[PDB]
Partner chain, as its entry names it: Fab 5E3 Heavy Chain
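Take a look at this single chain, the form solved without its partner chain, given in structure tokens.
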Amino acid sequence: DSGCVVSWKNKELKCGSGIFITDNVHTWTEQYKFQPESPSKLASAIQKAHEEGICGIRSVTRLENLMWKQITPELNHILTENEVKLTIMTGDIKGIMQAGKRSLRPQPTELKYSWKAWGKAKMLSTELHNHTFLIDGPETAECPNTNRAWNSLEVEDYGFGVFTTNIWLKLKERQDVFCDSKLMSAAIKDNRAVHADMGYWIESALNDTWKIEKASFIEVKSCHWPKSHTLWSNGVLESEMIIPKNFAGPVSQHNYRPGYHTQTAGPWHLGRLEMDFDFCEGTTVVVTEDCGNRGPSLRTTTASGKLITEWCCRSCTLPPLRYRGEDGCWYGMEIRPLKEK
């Protein structure tokens, strides 16, 4: 991979070849990206799995959740064409993107009463049925996650453009807990170490010891980061990684930060999160052993909409850990209000 790359911070120019770790985590939602193989395979898979108690599908990536909104009419139409009483009802998504328990599985011998080419058009809509299949949505009460499908898709055919970007997906032959490794990134060049995917930009730097510096999340999946794409993954303690393993945190020493512990109960219920190390405007933090223990993260503004003046931390390290999102500014799990109870 040859080319030339300019340096913004160093005010220099470089040229050469090798491995390029790329953007498209920020500045837009490019890489739309997902589209399956011949949908007859998926239709046969879902109609086969419906008989053993598969009641829903929980998305593993919000891009693939957006994918499902483009085949549900086609899937309903082909399901009706095969004289099986089953309808699919999709829905929206809000974090945290939960994790299912069961998964799709071949049966690679599909329903041979379907078409073969991609030229079928002039499709007609369907109606409601007594037996309905739900898709990722706010219906956690009717059917639990224990009876839904999760992580049953994988990229094949090298999955790229032209034109915008195009992965052609095949359903996973085996159950798995890790994320999809055919689109992942991890690199380090003498000052920074980034971990990248569709929605994660965990990046660390070195001032005096290697530690996390900033991260950005456009989604919060529940698939474990595979250990084959994590730098410096030895002797790592689960009680010190900033981003928990359950929320796709890389099991690495670059996830550490001195004076901090695991952020299990942070403001993860948001959909978009910025991980900087500053103060929220109008607020200050002071180190004090008299401050209370670490509890769930609290917004810097009350429900009525009033700011908080002072803050205290037990054994944190300046600058503090704060969050960002649509609703405003949050703080770390180890920081409590100075005197407010």
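Think of the rigid core as the biggest set of C-alphas that the two forms share within 1.5 Å after superposition. Residue numbers count along the first chain shown, from 1. Only residues modelled in both forms are compared.
The next section is about a form of this same protein that is not shown, the form deposited with its partner chain bound.
- The stretch that touches its partner chain in the bound PDB entry, counting heavy atoms within 4.5 Å, is 298-306, out of 47-55, 298-306, 285-293, 64-72.
- Its partner chain in the bound PDB entry is approached by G328, whose closest heavy atom lies within 4.5 angstroms of it.
- Its partner chain in the bound PDB entry is not approached by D278, whose heavy atoms all lie more than 4.5 angstroms from it.
- Per-residue Cα shift between this form and the one not shown after core alignment stays below 2 Å for all of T264, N82, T165, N145 except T165.
- If you fit the rigid core between this form and the one not shown, you'll see the Cα of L124 move by less than 2 angstroms.
- Once the rigid core is overlaid between this form and the one not shown, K33 counts among the residues whose Cα shifts by 2 Å or more.
- Panel note: the distance between the CA atoms of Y32 and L183 is smaller in the bound PDB entry than in this form, the difference being 3 Å or more.
- Legend note: Cα of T165 to Cα of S185 is at least 3 Å farther in the bound PDB entry than in the depicted form.
- Comparing the forms between this form and the one not shown on their core, residues 32-34, 116-121, 157-166 form runs of at least three in a row where every Cα shifts 2 Å or more.
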